[PDB]
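# sharing the initial chains of the complex here, in place:
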Amino acid sequence: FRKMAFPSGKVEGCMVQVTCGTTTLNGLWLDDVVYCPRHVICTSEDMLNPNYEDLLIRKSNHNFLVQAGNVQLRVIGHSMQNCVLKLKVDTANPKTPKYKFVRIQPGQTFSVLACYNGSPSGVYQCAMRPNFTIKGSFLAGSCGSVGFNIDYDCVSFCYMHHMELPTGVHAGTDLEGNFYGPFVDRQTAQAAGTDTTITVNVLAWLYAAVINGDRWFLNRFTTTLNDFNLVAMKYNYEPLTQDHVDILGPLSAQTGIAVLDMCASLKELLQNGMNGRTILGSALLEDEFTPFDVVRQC
């Protein structure tokens, strides 16, 4: 059962390079606006304790160099929305897809198009961790790379990369500039919180194992949401809510395994291991498929 990323072509045609003085990063060119992290206007010195409103007042359109491949785009206005810089440019991107800006919840998945100085390098499938970071392999100079989902030709942009945290994970904002997680765009001391496993996604993945004919972990037992969540506590799993149960409702109706029956399976796997067995050819429990991801690919 392979993780898959969305086809990235619609996003590839929006990636540009944004340069302000000595700093170069990636920007997103949609219609006549280029979106990028506001810390592009900061000198390493500024990063220490920036006043972004002031730093931007001292900037002019001529301070921004935007390049779309071989072509310079002329900036004709600049503004900020939260942590995102918005550069109005002279030309509308003729490759702008149908798109929306959306904010996702921890545990949800998206694809990231990793870019180096405006040029797309690779694409991978992510989950937003419960601690609001992304475990990403990242190029040098990937700031401003974006995360997205695609639904019927409409690109839903959900993430823009802003920073690497000391533990090697990544932190960013939605496309309206609101941070995911308790992080700020400053060179200060900050660290990811202790992470947990995304329980509703593990359950979804066990449903995928059953749809694919791996059934050995199924047992006769059921459990209670409360009894399960105390077991979840001890193994650093996110608490499971009635919301999560209803979301798994389709897979429970499709496979015949009630969610609390599957929870009894997961509780046993957590307490006793896999006894040398494998689930979808894996010895570890996967938590970066959502229930939606599983219904989609199955």
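Arrived safely, thanks for sending. Numbering: from 1, shown residues only, chains lettered A, B, ... in the order given.
# ok, the residue lying closest to residue A:136 once chain neighbours are set aside to residue A:163 distance?
Nearest non-adjacent residue to residue A:136, counting by C-beta to C-beta, 6 or more residues apart in numbering: residue A:170, 4.6 Å away. Where you see a C-beta, it was placed from the backbone N, CA and C, and this is true even at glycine. The gap separating residue A:170 from residue A:163 is 7 Å, by C-beta to C-beta, to the nearest Å.
# now do residue A:10
Distance of residue A:10 to residue A:163, given as C-beta to C-beta: 26 Å.
# what do you get for residue A:72?
Residue A:72 is 28 Å from residue A:163, where distance means C-beta to C-beta.
# between the two, who's got more neighbours?
Under the criterion of other C-beta atoms under 10 Å, the comparison of residue A:72 against residue A:163 puts residue A:163 first, with 20 against 11.
# grab the nearest non-local neighbour of the more buried one.
Sequence neighbours aside, residue A:171 is the residue nearest to residue A:163 in space, at 4.9 Å (criterion: C-beta to C-beta, 6+ apart).
# got the contact list for the helix or strand hosting the one you found?
Per DSSP states H and E: residue A:171 is located in strand A:170-173. The contact list for strand A:170-173, computed with C-beta atoms under 8 Å, 6 or more residues apart in numbering, reads A:37, A:82-84, A:132-136, A:138, A:147, A:159-165, A:179-181, A:183, A:192.
# who's in contact with the helix or strand following that strand?
Per DSSP H and E, strand A:170-173 leads on to helix A:199-211 as the next helix or strand towards the C-terminus. Residues from elsewhere that reach helix A:199-211 (C-beta under 8 Å, 6+ apart): A:1, A:107, A:127, A:215, A:217-218, A:232, A:237-240, A:244, A:247-248, A:251-252, A:254-255, A:257, A:259, A:262-263, A:265-266, A:279-280, A:285-291, A:293-294, A:297-298.
# helices or strands up against the helix or strand following helix A:199-211?
For helix A:199-211, the following helix or strand on the C-terminal side (DSSP H and E) is helix A:225-234. Contacts defined by 3 or more C-beta pairs under 8 Å, 6 or more residues apart in numbering; DSSP states H and E place helix A:225-234 against helix A:259-272.
# quick one: distance of the helix it packs on to the chain centre.
Helix A:259-272 sits 27 Å away from the centroid of its parent chain (C-alpha atoms, centre = their mean, to the nearest Å).
# do the same with stretch A:114-132
For stretch A:114-132, the separation from the chain centroid amounts to 7 Å (computed by C-alpha atoms, centre = their mean).
# go on, stretch A:213-226?
Computed by C-alpha atoms, centre = their mean, the chain-centroid distance of stretch A:213-226 equals 30 Å.
# alpha carbons only: can I get that stretch in CSV?
Only the C-alpha atoms of stretch A:213-226 are listed here, as CSV (Å, rounded to 0.1, in the frame of the first residue of the first chain):
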residue,chain,number,x,y,z
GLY,A,213,-7.2,-9.1,2.7
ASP,A,214,-4.9,-8.9,5.7
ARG,A,215,-7.2,-9.9,8.6
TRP,A,216,-5.0,-11.7,11.2
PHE,A,217,-5.2,-8.8,13.7
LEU,A,218,-9.0,-8.9,13.9
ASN,A,219,-10.3,-10.3,17.1
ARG,A,220,-13.7,-11.2,18.7
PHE,A,221,-13.6,-8.2,21.2
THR,A,222,-14.9,-4.7,21.3
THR,A,223,-13.8,-1.8,23.6
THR,A,224,-15.2,1.5,24.8
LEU,A,225,-14.0,4.9,23.7
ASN,A,226,-13.0,5.6,27.3
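# extend the structure above with chain B:
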Amino acid sequence: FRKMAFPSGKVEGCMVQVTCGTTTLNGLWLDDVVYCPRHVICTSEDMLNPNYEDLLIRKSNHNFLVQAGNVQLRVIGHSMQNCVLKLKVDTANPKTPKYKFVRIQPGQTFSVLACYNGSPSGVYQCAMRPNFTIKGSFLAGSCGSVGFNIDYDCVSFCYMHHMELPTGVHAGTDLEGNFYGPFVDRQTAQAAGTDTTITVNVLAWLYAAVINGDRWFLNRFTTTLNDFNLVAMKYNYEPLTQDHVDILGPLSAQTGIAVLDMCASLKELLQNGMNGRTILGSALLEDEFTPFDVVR
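Placing chain B onto the earlier chains gives this:
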């Protein structure tokens, strides 16, 4: 350290749908040729014992319906090269990238754009397994989906999907229609041989780990090449050849760890497991990064 697929846009613009009778699958539209699996001309029954020369001689150009989005392409010639059908069409694809066809070897990696009925659905990064199969995620009807690498904006096409094997793995051809492995485009009892781990790829990834500052799995031992292979083959690891040792030369020089010293570390990892630790971002020994991948 995440497995990344190549950006798929250059291939998305080449995917089309090919229909012959009641059979529909994916085709690849490059210049004025559409490439697709020749079993598009078969019904399910034909698959037991297809005679492709007989099935194809009975077809004319208008028996092939090619759709590129909302536009029908007119087929104006056809021919078979090994196991791929080549449909000549009216129109050169305006979105044809710089491209080439390359036949890869087991252990090599590539991205696969998985498609249903001509529309791209997802992209993932692959290794050609030592048993010449792909551990894919095939949608129903993903036949004709292609595998590729992209190097300096030139797309190297190396794989086209033809068959599902009974174990859930996938078999296919290069773009000249020659199957990878002993498989055929016929519904026989063929099965993937025992899969092995790509040893040279695990060792390259261990060097990646050391370059990025993980050293906990190193030890003070070395090994002969032959002692290493005697042990590794007991874990279903591929034998390591002197070519592989040479290939790891650069990463050895970069890290100051002799290749056979890294082999000793692998031997101990296989003996001990990870003891709850991780190497790059993983709790398993990763074998789908090549030595070429790691230098990048």
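# again for the contacts of helix A:199-211, since chain B is there now?
Outside helix A:199-211, the residues within contact range by C-beta atoms under 8 Å, 6 or more residues apart in numbering or on different chains are A:1, A:107, A:127, A:215, A:217-218, A:232, A:237-240, A:244, A:247-248, A:251-252, A:254-255, A:257, A:259, A:262-263, A:265-266, A:279-280, A:285-291, A:293-294, A:297-298.
# which bits of chain A sit near chain B?
A:1-10, A:12-13, A:113-114, A:120-124, A:135-137, A:212, A:281, A:283-284, A:297 (C-beta under 8 Å from any C-beta of the partner chain).
# report the buried members of those residues.
Using 16 or more other C-beta atoms under 10 Å in any protein chain shown as the burial test, these include A:1-10, A:12-13, A:113-114, A:120-124, A:135-137, A:297 as buried.
# buried stuff in stretch A:273-287?
A:279-280, A:285-287.
# residue A:221 contacts residue A:264, doesn't it?
Yes: between residue A:221 and residue A:264 there is a contact under C-beta atoms under 8 Å: 4.2 Å.
# out of these two, which sits in the busier spot?
Legend: neighbour count by other C-beta atoms under 10 Å in any protein chain shown for residue A:221 and residue A:264, higher for residue A:264 (23 against 12).
# mind listing what that one touches?
Residue A:264 makes contact with A:219, A:221-223, A:228, according to C-beta under 8 Å, 6+ apart.
# roughly how far does it sit from chain B?
To chain B, residue A:264 is 25 Å away according to C-beta to the nearest C-beta, to the nearest Å.
# give me the spatial nearest neighbour of residue A:254, chain neighbours excluded.
By the measure of C-beta to C-beta, 6 or more residues apart in numbering or on different chains, the closest residue to residue A:254 outside its immediate chain neighbours is residue A:211, 7.3 Å from it.
# what about the one you found, how many residues nearby?
The number of residues packed near residue A:211 is 16, by other C-beta under 10 Å.
# which residue ranges form the helices in the stretch 1-150 of chain A?
Here the stretch 1-150 of chain A has its helices, by DSSP state H, counting those that start in this stretch, at A:9-12, A:52-57.
# packing partners for the shortest one?
Going back to what we said before, that points to helix A:9-12. In terms of contacts (3 or more C-beta pairs under 8 Å, 6 or more residues apart in numbering or on different chains; DSSP states H and E), helix A:9-12 is packed against strand A:146-151, helix B:9-12.
# ok, and the closest non-adjacent residue to residue A:83?
Leaving aside its sequence neighbours, residue A:83 sits nearest to residue A:177 (C-beta to C-beta, 6+ apart; 4.1 Å).
# check contacts around that neighbour.
Counting by C-beta under 8 Å, 6+ apart, residue A:177 makes contact with A:38, A:80-84.
# just residue A:217 next, same as before
A:206, A:209, A:265, A:268-269, A:274, A:277, A:279.
# from those, pick the one nearest chain B.
residue A:209 (12.1 Å; C-beta to the nearest C-beta).
# okay, now the closest one: neighbour count?
Neighbours around residue A:209, by other C-beta under 10 Å: 25.
# cool, and residue A:23?
Look at residue A:23: counted by other C-beta under 10 Å, it has 17 neighbours.
# that one reaches residue A:42, doesn't it?
Yes: judged on C-beta under 8 Å, residue A:23 makes contact with residue A:42 at a distance of 7.3 Å.
# hmm, back to that, now the contacts of residue A:177 as a markdown table including neighbour count?
A markdown table is the format used below for the contacts of residue A:177 (neighbours: other C-beta atoms under 10 Å in any protein chain shown):
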| residue | neighbour count |
| --- | --- |
| A:38 | 21 |
| A:80 | 15 |
| A:81 | 14 |
| A:82 | 14 |
| A:83 | 21 |
| A:84 | 23 |
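# and of those, the nearest to chain B?
Distances from chain B to those, taken as C-beta to the nearest C-beta, are shortest for residue A:84 (23.0 Å).
# that closest one reaches residue A:36, doesn't it?
Yes: contact criterion C-beta under 8 Å: residue A:84 and residue A:36 qualify, at 7.2 Å.
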